[PDB]
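Overview (structure and organization)
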Amino acid sequence: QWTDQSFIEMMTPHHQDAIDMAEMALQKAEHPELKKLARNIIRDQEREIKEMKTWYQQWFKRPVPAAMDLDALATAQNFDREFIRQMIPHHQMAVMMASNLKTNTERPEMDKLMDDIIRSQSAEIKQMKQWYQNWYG
Ligand SMILES: [Ag+]
Ligand SMILES: [Ag+]
Ligand SMILES: [Ag+]
């Protein structure tokens, strides 16, 4: 059961992990589709980290207090395959957390953010699943 506070505390580094992996994709991705996805992840999730940080300090009067395998990704023969393998369940975790917080929060800021996370990351999961089939199925 997430609260606004615990959600931000956990979703911030969770998002940062996705961003870090997407950054690696800018260099190492094989398919242009994956590079485009990576750019979207960086743009959307950096923005959301910024919003969460701003709100956290407003609401709690203090800054946000400080799981994926980048090593495995960097050495994979197929970067895109390993990226998808890790990013799908990572995204699924975000969707799960967001869906729960949506039922717990009273804040319009969080309600809208949850909708964005659920919509965008669900769509990206669908894309990645199809690409995986096309490329490796
Ligand atoms: Ag996240
Ligand atoms: Ag993710
Ligand atoms: Ag979690």
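Residues numbered from 1 in each chain as written, not as in the entry; some residues may be left out. Chains lettered and ligands numbered in written order. Heavy atoms only, no water. Residues with missing side-chain atoms left out of burial classes, pairs and counts.

For the chain, the PDB entry supplies the name CopM and the organism Synechocystis sp. PCC 6803. According to the PDB record, the title of this entry is "CopM in the Ag-bound form (by co-crystallization)".

1. Quick word on the nonpolar core
Under the convention used in this document: In this text, buried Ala, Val, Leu, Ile, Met, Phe, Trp, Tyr and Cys residues form a nonpolar core when linked through side-chain atoms within 4.5 Å. With a 1.4 Å probe rolled over the protein chains alone, any residue whose accessible area is under 20% of its type maximum counts as buried; one over 50% counts as exposed, and the rest are partly exposed. In this text, helices come from DSSP runs of H or I with a minimum length of four residues, and strands from runs of E with a minimum of two, each type numbered from the N-terminal end. Contact between two residues is taken to exist if any of their heavy atoms lie within 4.5 Å; hydrogens are not considered.
If you look at the biggest cluster of nonpolar residues, it comprises 23 residues, and the most contacted ones within it are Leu-34, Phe-79, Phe-83, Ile-84, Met-87 and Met-128. Counting only elements with at least two residues in this core, the list comes to helix 1 (4-28), helix 2 (32-60), helix 4 (79-104) and helix 5 (108-136). The biggest single contributor to this core is helix 4, with six residues. Excluding residues within four positions of it along the chain, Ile-84 makes contact with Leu-34, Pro-89, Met-128, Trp-131, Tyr-132 and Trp-135. Ranked by size, the runner-up nonpolar core spans 18 residues in total, among them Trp-55, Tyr-56, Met-97 and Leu-113.

2. Here we look at the packing of aromatic side chains
Note the threshold: When the centres of two rings from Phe, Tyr and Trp lie within 6.5 Å, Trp using its six-membered ring, the rings pair. Their planes under 30 degrees apart give stacked, over 60 give edge-to-face, and anything left gives tilted.
Within the structure shown, the criterion is met by seven aromatic pairs. A centroid spacing of 4.8 Å and a plane angle of 70° characterise the contact between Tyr-56 and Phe-60, whose relative ring orientation is edge-to-face. Here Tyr-56 pairs with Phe-60, and both are found in helix 2, just four residues apart, close to one helical turn. By the burial criterion, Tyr-56 is buried, and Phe-60 matches it. Look at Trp-135 and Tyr-136: their rings are 6.2 Å apart centre to centre, the planes differ by 85°, and that puts the pair in the edge-to-face class. Among the aromatic residues, those joined into a ring-pair cluster are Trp-55, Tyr-56, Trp-59 and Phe-60.

3. Description of unusual backbone geometry
If you check the backbone angles, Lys-61 has positive phi at about 65° while not being a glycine. With respect to the helices and strands, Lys-61 occurs in the loop between helix 2 and helix 3 (70-75).

4. Observations regarding the packing of helix 1 against helix 2
When two helices pack together, their arrangement is given by the angle between the helix axes and the distance between those axes. Applied cut-off: Angles shown run from 0 to 180 degrees and are taken between the N-to-C directions of axes, each axis being a line fitted to C-alpha atoms and, for helices, limited to the stretch in contact. Any angle between 65 and 115 degrees counts as roughly perpendicular, while under 35 counts as roughly parallel, over 145 as roughly antiparallel, and the rest as oblique. Handedness of a crossing is defined here by the sense of rotation of the near helix relative to the far one, left-handed for an anticlockwise turn of less than a right angle and right-handed for a clockwise turn. Here the term charged refers only to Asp, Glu, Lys and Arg, the term nonpolar to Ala, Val, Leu, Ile, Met, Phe, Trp, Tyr, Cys and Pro, and the term polar to all other amino acids, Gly among them.
Relative to each other, helix 1 and helix 2 sit at 155°, their axes nearing to 8 Å. Put simply, helix 1 runs roughly antiparallel to helix 2. Between helix 1 and helix 2 lies a crossing of left-handed hand. Taken together, the residues of the contact of helix 1 with helix 2 break down into 16 nonpolar, five polar and seven charged.

5. Some remarks on helix 1
An α-helical turn contains 3.6 residues, so any two residues separated by three or four positions project in the same direction. Under the convention used in this document: How far a helix is expected to stretch is found by multiplying one less than its residue total by 1.5 Å. Bending is quantified residue by residue as the angle between axes fitted to the seven-residue window ending at that residue and the seven-residue window starting at it.
Under the 1.5 Å per step criterion, the end-to-end length of helix 1 is 35 Å for 25 residues, consistent within 8% with the ideal 36 Å. Maximum bend of helix 1: about 25°, positioned at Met-11, with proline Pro-13 one to four residues after it.

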